[PDB]
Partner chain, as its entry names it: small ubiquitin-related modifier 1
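Quick heads-up: it's one chain on its own, the form solved without its partner chain, in structure tokens.
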């Protein structure tokens, strides 16, 4: 419908992704009950970065687009929610590029988003806490922090 602009961009994104993407990353649209392809809801997976405490884990994330996309950024949500200073308890990611009033630009691609999030994993934004627990531990006890993360990466290790 009025979603023509969004769908059109979303199809370009899908196409470009298939064409080329980062190793280990996953990004695929969901299927409507009717076996059809729902371009407004993607299921993604981000691999923990090598040489970090996230290393080895495969973190599943859901990307939800609005009718006005790309005017607005998608909503990114970890399923299940991750322990991290910038991830709300709902699993929603707190990241400047994901905010219209902030750093979001219509030209930003899905790949960039995913890479941005991955990057965020090992480089928390202490200035913008989304959750009490992870933020406290991070500040109060780095050691315990990495410990929690490790256990986490381990819990989300792909077969």
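Whichever C-alpha set is largest while still superposing within 1.5 Å between the two forms counts as the rigid core. Residue numbers count along the first chain shown, from 1.
In what follows, reference is made to the form deposited with its partner chain bound, a form of this protein that is not presented.
J.: Given that its partner chain is left out here, which of 130, 39, 44, 120 has a heavy atom within 4.5 Å of it in the entry with it bound?
T.: That would be 39.
J.: If contact means any heavy atom within 4.5 Å, which of 29-37, 61-69, 91-99, 105-113 contacts its partner chain in the entry with it bound?
T.: Of the options, only 29-37 has residues within 4.5 Å of the partner.
J.: Taking any heavy atom pair closer than or equal to 4.5 Å as contact, tell me whether residue 150 reaches its partner chain in the entry with it bound.
T.: It does not: once its partner chain is placed as it appears in the entry with it bound, residue 150 has no heavy atom within 4.5 Å of it.
J.: Does at least one non-hydrogen atom of residue 139 fall within 4.5 angstroms of its partner chain in the entry with it bound?
T.: Residue 139: no contact with its partner chain in the entry with it bound.
J.: In the entry with it bound, is there a heavy atom of its partner chain that lies within 4.5 Å of any heavy atom of residue 157, even though the partner is absent here?
T.: Heavy-atom contact with its partner chain at 4.5 Å: absent for residue 157.
J.: After superposing the rigid core, is the C-alpha displacement of residue 101 2 Å or more between this form and the one not shown?
T.: After core superposition, the displacement of the residue 101 C-alpha between this form and the one not shown stays below 2 Å, so no.
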